[PDB]
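Down below is the structure, laid out as structure tokens.
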Amino acid sequence: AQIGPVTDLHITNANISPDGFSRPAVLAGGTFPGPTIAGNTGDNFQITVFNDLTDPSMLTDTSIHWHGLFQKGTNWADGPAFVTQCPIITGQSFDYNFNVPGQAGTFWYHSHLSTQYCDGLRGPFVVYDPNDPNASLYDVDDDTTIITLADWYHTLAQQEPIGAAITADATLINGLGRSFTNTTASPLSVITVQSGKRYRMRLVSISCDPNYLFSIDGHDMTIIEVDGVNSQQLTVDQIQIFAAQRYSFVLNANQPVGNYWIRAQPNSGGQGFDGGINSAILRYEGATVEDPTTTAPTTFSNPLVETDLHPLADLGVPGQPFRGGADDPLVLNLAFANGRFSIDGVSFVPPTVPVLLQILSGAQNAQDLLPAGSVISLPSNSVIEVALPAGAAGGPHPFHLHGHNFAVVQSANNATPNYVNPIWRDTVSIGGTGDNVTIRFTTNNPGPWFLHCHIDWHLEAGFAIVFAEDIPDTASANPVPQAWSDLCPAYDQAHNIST
Ligand SMILES: *[C@@H]1O[C@H](CO)[C@@H](O[C@@H]2O[C@H](CO)[C@@H](O)[C@H](O)[C@H]2NC(C)=O)[C@H](O)[C@H]1NC(C)=O
Ligand SMILES: *[C@@H]1O[C@H](CO)[C@@H](O[C@@H]2O[C@H](CO)[C@@H](O)[C@H](O)[C@H]2NC(C)=O)[C@H](O)[C@H]1NC(C)=O
Ligand SMILES: [Cu+2]
Ligand SMILES: [Cu+2]
Ligand SMILES: [Cu+2]
Ligand SMILES: [Cu+2]
Ligand code: NA
């Protein structure tokens with residue numbers, strides 16, 4: 001069952017064995033992935049998060065981010081530790097009370113403390129549209145049509161060296177999959193369809209790092225949503241999905257009744273499908289209960305290319321149709337050396353006082369804010385352009401902006417910008433050497449918004465900056481509840497921190 005929009009959510013430690021290997025984890029709702037949190041567009045969500053964690057090897061504090069939800073007027077509820085709140089301590093709870101006006105689509109939630117979401121605190125978050133403009137394109141859209149793709153590690157996150165190339169031990173599809181080494185024939189996930197029906201498959205990357213080449217043998221996929229943004233229909237036979245991205249696609253159950261492999265090949269870790277790694281099963285009702293015998297093609301003839309995507313609505317692009325054609329045009333210098341990432345020469349290390357609390361306490365320019373050099377102010381009601389030229393080691397880096405979606409004016413592997421009709425999204429691969437992926441948005445959401453690579457190991461190694469959007473209006477726009485004001489005193493007392 002789905003939970004929400006008003007629900008408790010307990011965060012616990014437990015042993016799990018999603019690939020046959022037992023390890024302890026950090027779980028929401030007792031499962032991996034966590035339960036789907038759902039509601040309708042414009043609903044009030046009140047997710048009261050109970051921190052019941054006791055195992056220090058995965059951290060006993062926590063904080064949860066609602067990925068892709070704008071949090072307008074509720075910056076305090078966004079979740080990134082030391083940007084919008086101090087962590088919740090064990091034995092305490094916290095009500096994330098916010099609204100989702102003007103958004104409908106496929107989202108997710110995850111820990112936003114250190115690399116803790118890798119240890120298991122990740123699940124889907126779906127905002128349905130009762131008047132969806134795509135409703136007539138499918139018959140079925142429910143918890144059974146969500147497909148999660150996850151990397152899974154046998155080593156605990158807090159034992160992963162910072163700045164290292166860290167590699168997973170299994171790909172999990174809907175929570176199940178097989179280990180790359182010492183492979184055992186542990187259970188594979190089954191997605192069941194009825195011959196003749198059309199399904200809205202909601203594909204969610206809950207990855208901490210790899211991108212996946214996702215396909216379904218015998219089937220093609222008609223994209224209708226990208227990171228929450230409705231798209232024109234685009235039919236493909238393969239989707240390369242980067243960490244934290246989401247797609248909805250229509251699956252037409254139009255092939256013979258039978259069993260078909262679902263494939264998710266990561267860019268690192270185990271390559272191929274030997275022993276049923278990187279796999280799940282699409283089963284038609286009435287098929288024999290047995291593994292598929294289907295083949296992938298040698299090459300995919302209609303892969304997703306990001307410039308082929310276009311919004312369903314006439315979203316356009318803000319600003320003027322040339323590089324630098326914005327009120328505030330920025331170019332970030334994105335680098336890596338010696339185990340640490342940097343943006344504009346500064347490696348991100350979380351501050352002691354969350355950025356939002358520094359601003360509410362009266363710090364009002366970005367040079368007054370900590371960490372020094374890690375906060376860039378944005379002016380209000382302005383067109384922002386951010387160029388993100390690639391080249392830093394460990395790519396391709398999927399960059400994500402909190403509080404906003406953005407027009408993808410230039411995509412990976414294509415030097416031509418699009419000032420007319422590019423897709424809007426919230427997490428974008430910045431590509432490869434020489435690329436110049438560029439995003440645009442308008443500043444209508446006061447508060448401090450994190451910008452970072454969504455490979456969680458990279459964020460931990462410093463690949464982040466904070467956009468302090470409309471500092472002067474942050475306090476009036478974002479009134480804070482007493483429980484939020486209580487978080488830093490409680491956290492600092494528990495950890496013997498003076499501030
Ligand atoms: C990416 O595009 C940005 C513009 O969006 C380029 O920025 C210019 O950089 C040159 C020096 O490299 C400066 O003289 C200009 O002031 C910048 N802004 C402009 C022209 O509008 C950046 O060079 C591009 N990077 C790559 C690798 O192609
Ligand atoms: C590279 O990106 C550009 C810009 O998004 C793509 O160019 C568009 O191509 C479409 C489809 O043919 C045309 O309708 C548009 O007029 C083009 N726009 C511009 C500004 O040129 C281009 O197709 C992409 N390249 C590849 C190989 O997909
Ligand atoms: Cu996220
Ligand atoms: Cu986010
Ligand atoms: Cu990265
Ligand atoms: Cu984030
Ligand atoms: Na425009």
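Just the heavy atoms: all of them, side chains too, but no hydrogens, waters or symmetry mates, feed the values below. When a residue number appears, it is its place in the shown sequence, counting from 1.
- Formation of a donor-acceptor pair under 3.5 Å by the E385 side chain with backbone atoms of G324 is found in this model.
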task = Take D78 and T84 through the test side chain to side chain donor-acceptor pair (under 3.5 Å) and record every step on the way to the result.
result = CA-CA 6 Å; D78 191 40; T84 60; 4.7 Å; no
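- Heavy-atom minimum distance, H458 versus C453: ND1-SG, 3.9 Å.
- Panel note: side chain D129, backbone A104; no donor-acceptor pair is recorded below 3.5 Å.
- Side-chain contact of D327 with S382: a donor-acceptor pair under 3.5 Å is absent, judged by distance alone.
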request  = Evaluate the criterion side chain to side chain donor-acceptor pair (under 3.5 Å) for residue pair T171 and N278; output intermediate values, then yes/no.
outcome  = CA-CA 5 Å; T171 300; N278 296 327; 2.7 Å; yes
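- Relative orientation of the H112 and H65 rings is perpendicular, given thresholds of 30° and 60° on the angle between their planes.
- Between the side chain of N421 and the backbone N or O of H310 there is no donor-acceptor pair closer than 3.5 Å.
- Nearest heavy atom pair, residue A253 against residue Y199, reads CB-CE1, 4.3 Å.
- With no hydrogens or angles considered, no side-chain donor-acceptor pair links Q410 and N436 at under 3.5 Å.
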task = Take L401 and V386 through the test side chain to side chain contact (heavy atoms under 4.5 Å, CB included) and record every step on the way to the result.
result = CA-CA 11 Å; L401 179 59; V386 191; over 6 Å; no
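- Ring-plane geometry between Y260 and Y284 is classed as tilted, the angle between the planes lying from 30 to 60 degrees on a 0 to 90 degree scale.
- Residues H452 and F348 keep their aromatic ring centres 6.0 Å or farther apart.
- Ring-plane geometry between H397 and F341 is classed as perpendicular, the angle between the planes exceeding 60 degrees on a 0 to 90 degree scale with a lower cut at 30.
- Among the candidates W108, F107, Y109, the single residue satisfying the ring-ring contact (aromatic ring centres under 6.0 Å, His included) test with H67 is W108.
- Just one residue in the list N15, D119, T155 forms a side chain to side chain donor-acceptor pair (under 3.5 Å) with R23, and that residue is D119.
- The aromatic rings of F45 and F125 sit tilted, their planes meeting at an angle between 30° and 60°.
- In this model, a donor atom of one side chain and an acceptor atom of the other lie less than 3.5 Å apart for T106 and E225.
- Between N267 and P396, the shortest heavy-atom distance links the atoms ND2-CD, 4.4 Å.
- With 3.5 Å as the limit, one finds a donor-acceptor pair spanning the side chains of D143 and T36.
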inquiry  = Evaluate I64 against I11 for side chain to side chain contact (heavy atoms under 4.5 Å, CB included), listing each step before the verdict.
reply    = CA-CA 10 Å; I64 298 185; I11 311 306; 3.8 Å; yes
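- Counted by atom type alone, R178 and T183 present zero donor-acceptor pairs between their side chains at under 3.5 Å.
- At least one donor-acceptor pair under 3.5 Å links the side chain of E469 to the backbone N or O of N445.
- Formation of a donor-acceptor pair under 3.5 Å by the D132 side chain with backbone atoms of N134 is found in this model.
- Relative orientation of the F98 and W66 rings is tilted, given thresholds of 30° and 60° on the angle between their planes.
- The closest side-chain donor-acceptor pair between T235 and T222 falls under 3.5 angstrom.
- With hydrogens and angles ignored, the 3.5 Å screen pairs a side-chain donor or acceptor of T145 with a backbone N or O of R200.
- Checked by atom type and distance alone, the side chain of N418 pairs as donor or acceptor with a backbone atom of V420 at under 3.5 Å.
- Here the side chain of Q245 pairs a donor or acceptor atom with the backbone of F242 at under 3.5 angstrom.
- Closest approach of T427 to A244, counting heavy atoms only: OG1-CB, 4.1 Å.
- Using cut-offs of 30° and 60° for the angle between ring planes, the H110 and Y117 rings count as tilted.
- Judged by distance alone, the side chain of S22 and the main-chain N or O of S17 form no donor-acceptor pair under 3.5 Å.
- For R198 and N252, the side-chain atoms include no donor-acceptor pair closer than 3.5 Å.
- Between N174 and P33, the shortest heavy-atom distance links the atoms C-CD, 4.3 Å.
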Residues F32, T148; criterion side chain to side chain contact (heavy atoms under 4.5 Å, CB included); working and verdict = CA-CA 10 Å; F32 186 80; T148 61; over 6 Å; no
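- A donor-acceptor pair under 3.5 Å is absent between the side-chain atoms of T7 and the main chain of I47, judged by distance alone.
- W261 and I281 make their closest contact through CZ3-CG1, 4.1 Å (heavy atoms, listed as atom of the first residue, atom of the second, distance).
- Using a 3.5 Å distance cut-off with no hydrogens or angles, the side chains of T144 and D142 do pair a donor with an acceptor.
- With no hydrogens or angles considered, no side-chain donor-acceptor pair links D456 and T115 at under 3.5 Å.
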